[PDB]
């Protein structure tokens, strides 16, 4: 959940040089708390395997760019639903925002898979 740089390296099992390069290119970043999440471990492990096929850290900038733009769109769509959460006795509940976010990601992913299958 909340991983240090050392934890990230140890769990991803990549070279420190790879991590350093992916941070330098902005491909991976820490969250608002200043630590890494489980997604970072998966990004790092996928980035290592891709580097092995010829993809440099520098080439994954395009993926990060697009993911940030997609996150903005999702925010616009999901952000309004934070206030509609079934809070119960608590003051806040973002569970519907998370549901809309997860549906939009699954939709977007399936579009990619479809288009990639086509072009190949």
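Numbering follows the first chain given and starts at 1.
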- Task: Report the stretch with the higher mean CA temperature factor, choosing between 83 to 91 and 37 to 45 on the basis of the entry.
- Result: 83 to 91
- Mean C-alpha temperature factor, higher of 19 to 27 and 102 to 110: 19 to 27
- Item | Position of residue 62 among the chain's modelled residues by C-alpha B-factor, lowest, middle or highest third | middle
- Message: Taking only the Cα B-factors deposited for this chain, tell me whether residue 8 sits in the lowest, middle or highest third.
- Response: lowest
- Query: By its CA B factor, does residue 55 count among the lowest, middle or highest third of the modelled residues in the chain?
  - Reply: highest
- Ranked against its chain, the third holding the CA B-factor of residue 77: highest
